[PDB]
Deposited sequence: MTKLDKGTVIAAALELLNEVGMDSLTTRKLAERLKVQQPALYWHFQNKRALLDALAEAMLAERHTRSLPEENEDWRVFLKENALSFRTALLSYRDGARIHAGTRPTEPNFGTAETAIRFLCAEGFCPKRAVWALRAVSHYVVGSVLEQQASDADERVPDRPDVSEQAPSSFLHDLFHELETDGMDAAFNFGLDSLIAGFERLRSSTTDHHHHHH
């Protein structure tokens, strides 16, 4: 009866209310109106659930995972970074939930497509990987800072700061794509 899709859907809703710190097995089980073992069947620990949410957030919101036809690689990385940022900001503690996670089997497929697309535009395999990792780290760090300050007590400044750092990061890749 209770499928993995329904659990994730209920968990993302509950996450936005309580946050990742207050999100527990009992709360999610009570929200789904099931006993804890039915939920434990899907996720044996909190980290396993948060990993599934991290994947779900991108699957739902992260629209620009892959390069489009006749898209400049600089435009792709900007749109990819903005799309990734939007996905983390869409849910409470999105950046902190994403932190430490390694790509899933599909994400490795999309990552390889990104790496090969950059390699075709003059990047060396190593500097393509570092560029994509550097962008993801920059976004996670920017979103964490935004979500951290919002949790406590100028968003125009964060938006302007993010866009300038992202454009700078891409402008830098142009020069340092290959030795």
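- Residues of the deposited sequence lacking C-alpha coordinates fall in the stretches 1-2, 156-179, 206-214, numbered from 1.
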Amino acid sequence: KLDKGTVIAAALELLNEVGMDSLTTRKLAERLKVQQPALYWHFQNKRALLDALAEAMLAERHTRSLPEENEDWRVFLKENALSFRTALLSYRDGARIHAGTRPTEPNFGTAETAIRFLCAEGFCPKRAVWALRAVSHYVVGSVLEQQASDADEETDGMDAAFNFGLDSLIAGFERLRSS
From here on, numbers count along this sequence of modelled residues.
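- Note on 89-97 vs 102-110: mean CA B-factor is higher in 102-110.
- Higher mean CA B-factor, judged across 137-145 and 59-67 from the recorded values: 59-67.
- Sort the chain's modelled residues by C-alpha temperature factor and residue 20 lands in the middle third, per the entry.
- In the PDB entry, residue 167 places in the lowest third of its chain by CA B-factor.
- Ranked within its chain, residue 40 lands in the middle third, by CA B factor from the PDB record.
- Residue 131: CA B factor lies in the lowest third for its chain, per the PDB record.
- Among the modelled residues of its chain, residue 124 has a C-alpha B-factor that falls in the highest third according to the deposited record.
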